[PDB]
Engineer: 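One structure follows; several queries about it will come next.
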Amino acid sequence: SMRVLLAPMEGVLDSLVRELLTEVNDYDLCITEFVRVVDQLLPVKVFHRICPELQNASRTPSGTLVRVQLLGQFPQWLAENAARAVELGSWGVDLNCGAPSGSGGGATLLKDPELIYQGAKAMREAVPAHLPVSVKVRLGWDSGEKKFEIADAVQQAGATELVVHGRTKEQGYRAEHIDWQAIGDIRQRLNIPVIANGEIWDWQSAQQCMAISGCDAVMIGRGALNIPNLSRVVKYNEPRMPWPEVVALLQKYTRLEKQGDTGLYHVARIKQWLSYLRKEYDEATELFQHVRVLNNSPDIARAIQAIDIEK
RNA sequence: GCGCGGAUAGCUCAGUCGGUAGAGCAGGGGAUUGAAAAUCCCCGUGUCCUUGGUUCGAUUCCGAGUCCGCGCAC
Ligand SMILES: Cc1cc2nc3c(=O)[nH]c(=O)nc-3n(C[C@H](O)[C@H](O)[C@H](O)COP(=O)(O)O)c2cc1C
Ligand SMILES: [Mg+2]
Ligand SMILES: [Mg+2]
Ligand SMILES: [Mg+2]
Ligand SMILES: [Mg+2]
Ligand SMILES: [Mg+2]
Ligand SMILES: [Mg+2]
Ligand SMILES: [Mg+2]
Ligand SMILES: [Mg+2]
Ligand SMILES: [Mn+2]
C-alpha cells in the first residue's frame, strides 16, 4: 500500500511549512532543502538551520520523519557531510541529482553517471548501514538516453531507493513533457524501490501516475502547496482542504517564528504560498489582492489574522 | 570589430520556475597567555560590476554600458 513523500523544495518547504503541512497530512517522509557541499565539511549550524528537526530525532513536531539532502559532487566531501548529517540525527541522507545547471552538482551529474556512482557509493559507505541513502534524479540533461545508466549507477552504489522526477533537466517544470512511462521502465530494471515524481495534483492524477509507472510510492512537490492536504486527497480520496481551513493554516503560519528572519519572511512566504493556492482556490485570488501591497511583517500578519474564519 | 559564457563580502566560493544573500578563510572582540600561536565564545548590513525598467517584491526577468575568458572578423 501507498507511500507519499513530501518533496524537497528550496525556498518553499522549510521547517515551518513542514511543521504546518505534516500536522494535517499523512506524509511518510519529508526531504529538507539541499545542503550545498563543495570541498569542505560544513559546520553544525548549517545543518541545524536547514533541519531544525535534528533536535527532535529528525522528526517534525507531529512526528513525521525528515531526511537531509546534499547537493554536490566530490565523493570525499559528500561522505563527510553525510556522516555529519546522520551523526546529528538525520534519518538517512538524500543526494540531489536534479537541480538545474560552476561547481559540479545536481543535474550536471546526469551527464556522467559514473559521478553518481562514486558520490552515492561514498555516501552509502559513510552512513550506518540500516539508515537509508536515497538519490533523486531527473531522466537526463537534455534527453533520456542515459536513464538506465543513471538508475543503474544508483543501484550499483548500494542506494536504498531512487526517486525519479519524470523530466529531463531542459524540460524544466513543463507539464506536457512528464514521462511516467519512463519511470515505469526504470522501476522494472531495478531491485530497489523506485518512487515516482512529477505532476501529481489530485487523486485522479496520482492514480494515473501509479497505474502508468507501476510505482506505489510517489513524491509530491508543487501540488502539496496548491492543496495543503494533498497526501490525504491522494491516499484516501478525501476532498481538498476547504478554503476556511486553508486560511486557518495561513494564520498559524503567521504565528510561527522563523529563526534568523531578516525582517520580511512572512511578507515573502505568505505571498508565495498564496501564488500556489490561487491555481486551485478562486478565493486565494481575492486574498492575494488584499495583501498584495503590504510590505512589512507586522502588517501582513495583522491582516491575515484579522480574517474571520466563520464569515 | 563579431559570437558564446562570465562578474556575488578583504579573498575563495554557495545561491531551483522572482519571495528578500551565507559558508570557509582573512580580519576584529572575548576567554586563555608573560606576551603570542592554537583551541573555545562573539562579529556574515555586501549599491549581488554600474545603470534604467517590469513587478507588491529582482542576484534571478527586460533595455543600456563596462570589464574578464574562450574563437571568429584586422
Ligand atoms: C521551488 C522549487 C524548489 C525545488 N527545490 C528542490 C530541492 O531543493 N531539491 C530537489 O531535489 N528538488 C527540488 N525541486 C524539485 C521538486 O522536488 C520536484 O522534483 C519537482 O517539483 C517535481 O514534482 P512536482 O510536479 O510534484 O512539483 C524543487 C522544485 C521547485 C518547484
Ligand atoms: Mg525560489
Ligand atoms: Mg513573475
Ligand atoms: Mg581569528
Ligand atoms: Mg547583507
Ligand atoms: Mg540591476
Ligand atoms: Mg511600480
Ligand atoms: Mg531594481
Ligand atoms: Mg518580466
Ligand atoms: Mn553563484
Side-chain angles (χ1 to χ4, degrees), chain A residues 6-14 16-17 31-51 68-74 76-78 80-81 84-85 94-110 136-138 141 163 165-178 197-199 201 219-226 250 253-254 258 260-279 284-304:
Chain A
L6 186 61
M9 287 175 84
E10 191 273 327
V12 182
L13 293 179
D14 65 10
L16 280 64
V17 179
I31 311 301
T32 73
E33 301 161 282
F34 67 85
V35 175
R36 170 89 233 204
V37 169
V38 180
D39 62 3
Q40 284 172 4
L41 182 59
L42 297 164
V44 161
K45 64 179 183 167
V46 163
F47 295 89
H48 287 138
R49 161 167 51 74
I50 278 149
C51 194
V68 168
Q69 183 182 73
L70 309 180
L71 190 163
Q73 176 168 319
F74 296 137
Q76 178 180 3
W77 302 109
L78 288 170
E80 292 201 27
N81 280 288
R84 172 159 282 177
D94 192 64
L95 181 59
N96 183 308
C97 298
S101 66
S103 298
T108 71
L109 301 196
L110 302 175
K136 176 173 179 287
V137 306
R138 289 190 179 243
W141 183 254
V163 176
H165 177 186
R167 273 183 281 238
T168 62
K169 182 265 159 169
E170 294 201 333
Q171 284 169 340
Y173 296 98
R174 274 179 265 120
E176 68 274 26
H177 279 130
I178 186 66
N197 171 244
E199 298 291 321
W201 307 104
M219 177 173 282
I220 59 185
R222 295 169 292 153
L225 289 305
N226 289 21
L250 298 168
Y253 193 13
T254 65
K258 174 61 178 198
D261 188 340
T262 53
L264 298 164
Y265 180 87
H266 289 102
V267 176
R269 304 309 180 83
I270 291 286
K271 286 169 186 194
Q272 175 172 254
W273 197 348
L274 285 168
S275 72
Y276 286 82
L277 288 164
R278 61 191 289 199
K279 305 315 179 77
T285 295
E286 308 185 280
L287 185 45
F288 183 89
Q289 286 300 293
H290 171 71
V291 305
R292 190 176 171 101
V293 305
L294 306 179
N295 57 7
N296 63 67
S297 293
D299 284 356
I300 211 163
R302 193 179 40 183
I304 291 294

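In what follows, every heavy atom counts, from backbone to side chain, and hydrogens, waters and symmetry copies are set aside. The sequence lines fix the lettering, A, B, ..., with proteins before strands; numbering per chain opens at 1.
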Engineer: Does B:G5 have a Watson-Crick or wobble partner in any strand here, with both distances under 3.5 angstrom, and which is it?
Structural biologist: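 Answer to the pairing question: B:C68, which forms a Watson-Crick or G-U pair with B:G5.
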Engineer: Would you call the sugar of B:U60 north or south from its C1'-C2'-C3'-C4' torsion?
Structural biologist: south
Engineer: Determine the Euclidean distance between corresponding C1' atoms of B:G24 and B:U20; express it in Å to zero decimal places.
Structural biologist: 24 Å
Engineer: Does the B:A23 / B:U12 combination count as a Watson-Crick or G-U wobble pair, both distances under 3.5 Å?
Structural biologist: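 Yes, B:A23 pairs with B:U12.
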Engineer: Where do A:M219 and A:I31 come nearest, in terms of heavy atoms and distance?
Structural biologist: CE-CG1, 3.9 Å
Engineer: What is the separation between atom CZ on A:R292 and atom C1' on B:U54, rounded to the nearest whole Å?
Structural biologist: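 One finds 12 Å between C1' of B:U54 and CZ of A:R292, rounded.
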Engineer: Compare the minimum distances between each of B:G22, B:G24, B:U16 and the side chain of A:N96, then state the nucleotide with the smallest one.
Structural biologist: B:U16
Engineer: Please tell me which of the listed nucleotides, B:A14, B:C17, B:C56, lies nearest to the side chain of A:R222?
Structural biologist: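 Comparing B:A14, B:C17, B:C56 against the side chain of A:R222, the answer is B:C17.
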Engineer: To the nearest Å, give me how far apart CG (A:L78) and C1' (B:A14) are.
Structural biologist: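 Answer to the nearest Å: 14 Å.
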Engineer: Between B:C74 and B:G5, how far is it from one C1' atom to the other, in whole Å?
Structural biologist: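 It works out to 24 Å between them.
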Engineer: With distance as the sole criterion, do the side chain of A:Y173 and the base of B:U16 form a donor-acceptor contact below 3.5 Å?
Structural biologist: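 Yes, a donor-acceptor pair under 3.5 Å.
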Engineer: Is there stacking between B:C49 and B:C48 - six-membered ring centres closer than 5.5 Å and planes within an angle under 30°?
Structural biologist: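 When the rule is applied to B:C48 and its neighbour B:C49, the answer comes out as no.
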Engineer: Find out whether A:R269 and A:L16 are in side-chain contact, i.e. whether some heavy atom of one side chain is under 4.5 Å from a heavy atom of the other.
Structural biologist: no
Engineer: Distance check: side-chain N/O of A:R36 vs OP1/OP2 of B:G15, anything under 4.0 Å?
Structural biologist: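 For B:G15, OP1/OP2 do have a side-chain N/O of A:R36 under 4.0 Å.
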Engineer: For A:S275, report the nucleic acid contact type (base, sugar-phosphate, nothing); a contact means any heavy atom under 4.0 Å.
Structural biologist: nothing
Engineer: Could you tell me how far B:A38 sits from B:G46 if I compare only their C1' atoms? Round to whole Å.
Structural biologist: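 My reading of the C1' atoms in B:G46 and B:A38 gives 31 Å.
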Engineer: Rounding to an integer number of Å, can you tell me how far A:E10 CD sits from B:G22 P?
Structural biologist: 11 Å
Engineer: Base, sugar-phosphate alone, or nothing: which one does A:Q40 contact when heavy atoms must sit under 4.0 Å apart?
Structural biologist: sugar-phosphate
Engineer: Heavy atoms from C-beta onward define the side chain here; which of B:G44, B:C13, B:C56 lies closest to that of A:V38?
Structural biologist: B:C13
Engineer: Sticking with atom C1', work out how far B:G22 lies from B:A14, rounded to a whole angstrom.
Structural biologist: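 Rounded to whole Å, the distance is 7 Å.
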Engineer: For B:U45, which nucleotide is its Watson-Crick or G-U wobble mate, given both distances must be under 3.5 Å?
Structural biologist: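 Across all strands, not a single nucleotide pairs with B:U45.
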Engineer: Give the minimum heavy-atom separation between A:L42 and A:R84, together with the two atoms involved.
Structural biologist: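 The pair with the smallest heavy-atom distance is O-NH1, 2.7 Å.
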Engineer: How far does the P atom of B:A58 sit from the matching atom of B:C62, given to the nearest Å?
Structural biologist: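 That atom pair is separated by 15 Å.
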Engineer: Taking CD1 from A:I300 and P from B:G19, how many angstroms apart are they, rounded to a whole number?
Structural biologist: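 Taking CD1 of A:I300 and P of B:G19, I get 16 Å after rounding.
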Engineer: Any idea which of B:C13, B:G24, B:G19 is nearest the A:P43 side chain?
Structural biologist: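 Looking only at heavy atoms from C-beta outward on A:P43, the closest nucleotide is B:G24.
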Engineer: State, to 0.1 Å, how close A:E199 and A:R167 come at their nearest heavy-atom pair, and which atoms those are.
Structural biologist: OE2-NH1, 2.8 Å
Engineer: For B:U39, does the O4'-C1'-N9-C4 or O4'-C1'-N1-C2 angle fall within 90° of 0, making it syn, or is it anti?
Structural biologist: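 In terms of base orientation relative to the sugar, B:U39 is anti.
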Engineer: Of the nucleotides B:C56, B:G15, B:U20, which one has an atom closest to the side chain of A:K271?
Structural biologist: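 That would be B:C56.
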Engineer: Could you check which of B:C13, B:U16, B:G44 has an atom nearest any side-chain atom of A:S103?
Structural biologist: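 The listed nucleotide nearest to A:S103's side chain is B:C13.
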Engineer: How long is the line joining CG of A:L13 and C1' of B:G19, in whole Å?
Structural biologist: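 For the pair A:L13 CG and B:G19 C1', the rounded distance is 14 Å.
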Engineer: Taking a pair to be Watson-Crick (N1-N3 plus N6-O4 or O6-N4) or G-U wobble (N1-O2 and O6-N3), each under 3.5 Å, are B:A35 and B:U55 paired?
Structural biologist: no
Engineer: Write down the atom of A:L6, the atom of A:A224, and the distance for their closest heavy-atom approach.
Structural biologist: CD1-CB, 3.6 Å
Engineer: Please report the distance, rounded to the nearest Å, between CG in A:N295 and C1' in B:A58.
Structural biologist: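 Rounded to whole Å, this separation is 16 Å.
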Engineer: Check whether the six-membered base rings of B:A9 and B:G10 have centres under 5.5 Å apart and planes under 30 degrees, and report yes or no.
Structural biologist: no
Engineer: Would you measure the distance from the P atom in B:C56 across to the matching atom in B:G1 and give it in whole Å?
Structural biologist: 39 Å
Engineer: If you apply the rule side-chain contact (heavy atoms from CB on, under 4.5 Å), what do you find for A:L250 with A:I270, and how did you get there?
Structural biologist: CA-CA 7 Å; A:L250 298 168; A:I270 291 286; 4.2 Å; yes
Engineer: Nearest-Å distance, NZ (A:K258) to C1' (B:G19)?
Structural biologist: 12 Å
Engineer: Between B:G19 atom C1' and A:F288 atom CZ, what is the distance in whole Å?
Structural biologist: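 My rounded result for the distance is 10 Å.
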Engineer: Considering only atom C1', compute the distance from B:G30 to B:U39 and round it to an integer number of Å.
Structural biologist: 14 Å
Engineer: Establish whether the base of B:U12 is bridged to the side chain of A:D39 by a donor-acceptor pair shorter than 3.5 Å.
Structural biologist: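 Side chain to base: no pair present.
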Engineer: Please tell me whether B:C25 and B:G10 form a Watson-Crick or G-U wobble pair, using a cut-off of 3.5 Å on both distances.
Structural biologist: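 They are paired, because both relevant distances stay under 3.5 Å.
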Engineer: Would you name the heavy atoms of A:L71 and A:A99 that are closest together and state the gap between them?
Structural biologist: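 Answer, listing the atom of A:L71 first, then A:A99: CD1-CB, 3.5 Å.
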Engineer: Please state whether the phosphate of B:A21, meaning OP1 or OP2, lies under 4.0 angstrom from any side-chain nitrogen or oxygen of A:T262.
Structural biologist: yes
Engineer: Taking the P atom of each, how far is B:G15 from B:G34, in whole Å?
Structural biologist: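 So the two P atoms sit 47 Å from each other.
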Engineer: Would B:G24 and B:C11 count as a Watson-Crick or G-U wobble pair, both distances under 3.5 angstrom?
Structural biologist: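 Under the 3.5 Å cut-off on both distances, the two nucleotides are paired.
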Engineer: For the residue pair A:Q69 and A:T32, what are the closest heavy atoms and their distance?
Structural biologist: N-OG1, 3.2 Å
